[PDB]
Amino acid sequence: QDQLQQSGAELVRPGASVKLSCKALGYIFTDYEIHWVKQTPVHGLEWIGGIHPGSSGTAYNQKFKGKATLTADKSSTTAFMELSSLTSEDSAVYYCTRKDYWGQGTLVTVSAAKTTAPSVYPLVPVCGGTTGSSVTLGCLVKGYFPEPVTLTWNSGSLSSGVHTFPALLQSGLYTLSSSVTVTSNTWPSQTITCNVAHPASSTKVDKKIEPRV
Amino acid sequence: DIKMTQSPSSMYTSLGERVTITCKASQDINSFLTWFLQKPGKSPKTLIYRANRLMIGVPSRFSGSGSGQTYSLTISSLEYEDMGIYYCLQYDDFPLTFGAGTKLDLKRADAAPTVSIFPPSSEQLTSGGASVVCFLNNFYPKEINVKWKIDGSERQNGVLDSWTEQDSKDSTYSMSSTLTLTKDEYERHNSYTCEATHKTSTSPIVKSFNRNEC
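So the sequences go chain by chain: Y and S.
The first sequence finishes on residue 217 if you use our numbering, and the numbering steps up by one all the way, no holes.
The second sequence finishes on residue 223 if you use our numbering, and the numbering steps up by one all the way, no holes.
This is the structure we're talking about:
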């Protein structure tokens, strides 16, 4: 065994607190220290602190002293991480490591935004002459919350010529685009649909790409 | 505080050759270095511990080296499962600190993008917003220029890009550019162009449209 198993993803409102957990299995949880690491696209990896299941001695990174709080429980074989007075800034993937074995990470998202179903818009080329041997069509999913969204074209039959793009963020609401490239003999004769699903708000929408009139 | 500097930040290699990464700390760290790998939605996995020692289930193509301040990881034969991001960790003194990362990407022949521009949709214009979208699909390498022009002038505020990682079907990259305006702002001007520069051609690649067809 190597194992370290982390708590589940958390979606939290600003000013609250979360307590992450990191379960150790297959070794004697007491003989090695657990370290908590922060991952942000903007900042790479950052060390928060570490705890000794054995001696109970905590070390904190000066940046995180006062935000983070490590603790342990010897019977459960788990190390905890209470992050406090959260702000946008704490949104990231948090890990638990022993230096040799890492947990899987637990994602935290701190936001004020309520559930918001997307707005799907179809993106057809411009009216006149723009038809070479292939045409590219589009689809715009704007304004959702929170993150996961399923986007498919003609529910699976189209996969070759698809490009969906990592959702950006625009005022705390997500925005996503997807493109599709087909032959001239395909559209607009046969129909091309933009399938969009957002479980959270329970939206399932097919939006056809009609030619511009 | 103790600094780790990694090099290069990214490379272009083709499966089967020898790559070599580097970390260099700001002070001697007396071989307390781990080298780990991070892959698309995975668990960072340690390959090398204490500068040159392997790890439980790791191939021998990986090989740690160096001492003092300069440490260098080797891969004699880049396998396809080796693609991802390599980091280095110093754990001599607190606080523990890491390198920036090194992204290994598949090499390939040059490929110019196929650009497409898209006027907003009518449904969106009814709400108040107007998003103009440019797609820059299947190009290599990753380095690209996208400028937006409203009636011949460059616009910078309100532009927002999203990239995809390497396509594992052609090893290209794709780009989505969106310029978002009010419907009010949008309707004050007429011509909208999306202009891309890239290694493949000295002249930029232009796609535009007039707001009332002409």
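C-beta: ideal position from N, C-alpha, C; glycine also.
Annotation for residue 216 of chain Y: 128 and 131 place their beta carbon closer than 6 Å to its own, counting only its chain and skipping 5 residues before and after. Nearest Cα to residue 105 of chain S within the set Y:42, Y:97 and Y:110: Y:42. Taking the CA atoms as reference points, residue 204 of chain S sits about 16 Å from residue 151 of chain S. One finds 171, 172 and 173 in chain S with Cβ atoms closer than 8 Å to the Cβ of residue 170 of chain Y, taken in chain order. Counting C-beta pairs with one atom in each stretch, the stretch 12-29 of chain S and the stretch 186-206 of chain Y have fewer than three that are closer than 8 Å, which means they do not touch. Taking the C-beta atoms as reference points, residue 10 of chain Y is found no nearer than 7 Å to residue 29 of chain Y. Annotation note: the stretch 124-154 of chain Y contains the following uninterrupted beta strand (DSSP E) runs of length 3 or greater, listed N- to C-terminal: 138-148. Comparing alpha carbon positions, the residue from Y:143, Y:148 and Y:179 closest to residue 122 of chain Y is Y:148. With respect to residue 218 of chain S, residue 201 of chain S sits close: the two C-beta atoms are nearer than 7 Å. Excluding residues up to 5 positions away in sequence, 122, 145, 171, 178, 180, 200, 201 and 202 lie with their Cβ nearer than 8 Å to the Cβ of residue 153 of chain Y in the same chain. Apart from sequence neighbours up to five positions away, the residues of its chain that approach residue 109 of chain Y with a beta-carbon distance below 8 Å are 10, 43, 97, 98 and 99, ordered along the chain. Put simply, of Y:16, Y:64 and Y:27 the residue whose alpha carbon is nearest the alpha carbon of residue 94 of chain Y is Y:16. Listed by position along chain Y, the residues whose Cβ is nearer than 8 Å to that of residue 222 of chain S are 130, 131 and 132. Straight-line spacing of the CA atoms in residue 166 of chain Y and residue 186 of chain Y works out to 10 Å. Here DSSP, grouped into helix, strand and coil, assigns residue 27 of chain S to coil. Unbroken beta strand (DSSP E) runs of no fewer than 3 residues, entirely contained in the stretch 42-104 of chain Y, are found at 48-55, 74-77, 82-87 and 96-101, following chain order. In summary, residue 99 of chain S is buried, with 16 or more beta-carbon neighbours lying within 10 Å of its beta-carbon over all protein chains present. The beta carbon of residue 105 of chain S falls within 7 Å of a beta carbon belonging to chain Y, placing the residue at that interface. Residues of chain Y whose Cβ lies closer than 9 Å to the Cβ of residue 13 of chain S do not exist; the shortest such Cβ separation is about 10 Å.
In this structure, S:47 is the residue among S:76, S:101, S:47 and S:147 with its C-alpha nearest to the C-alpha of residue 106 of chain Y. Closer than 8 Å at the C-beta level to chain Y, one finds these residues of the stretch 20-43 of chain S: 43.
Below the 7 Å Cβ cutoff, chain Y contributes 130 as neighbours of residue 128 of chain S, in chain order. Residues of the stretch 107-123 of chain Y that bring their beta carbon within less than 8 Å of a beta carbon in chain S comprise 107, 108, 109 and 123, in sequence order. In the same chain as residue 195 of chain Y, and ignoring 5 residues on each side of it, the C-beta atoms closer than 7 Å to its own belong to 212, in chain order. Neighbours of residue 110 of chain S in chain Y, taken as residues whose beta carbon is under 9 Å from its own, are 48 and 49 in chain order. For residue 48 of chain S, there is no enclosing beta strand (DSSP E), as DSSP marks it with neither H nor E.
Taking a contact to require three or more Cβ pairs closer than 8 Å, the stretch 31-47 of chain S and the stretch 78-91 of chain Y do not qualify as touching. For residue 133 of chain S, the chain Y residues whose C-beta falls within less than 9 Å of its own C-beta are 123, 125, 144 and 146, listed in chain order. Cβ proximity to chain Y below 7 Å picks out 140, 142, 144 and 146 from the stretch 136-168 of chain S.
Here the C-alpha atom of residue 66 of chain S lies approximately 37 Å from the C-alpha atom of residue 148 of chain S.
In the three-state scheme derived from DSSP, where H, G and I count as helix and E and B as strand, residue 78 of chain S is classed as coil. Contact with chain S is found for residue 140 of chain Y, since one of that chain's Cβ atoms lies less than 7 Å from the residue's Cβ.
In the three-state scheme derived from DSSP, where H, G and I count as helix and E and B as strand, residue 204 of chain S is classed as strand. When the beta-carbon positions are compared, residue 214 of chain S and residue 141 of chain S stay at least 7 Å from each other.
Spanning the alpha carbons of residue 94 of chain S and residue 135 of chain S requires a straight line of approximately 44 Å.
From the beta-carbon of residue 218 of chain S, the residues of chain Y found nearer than 7 Å are 130.
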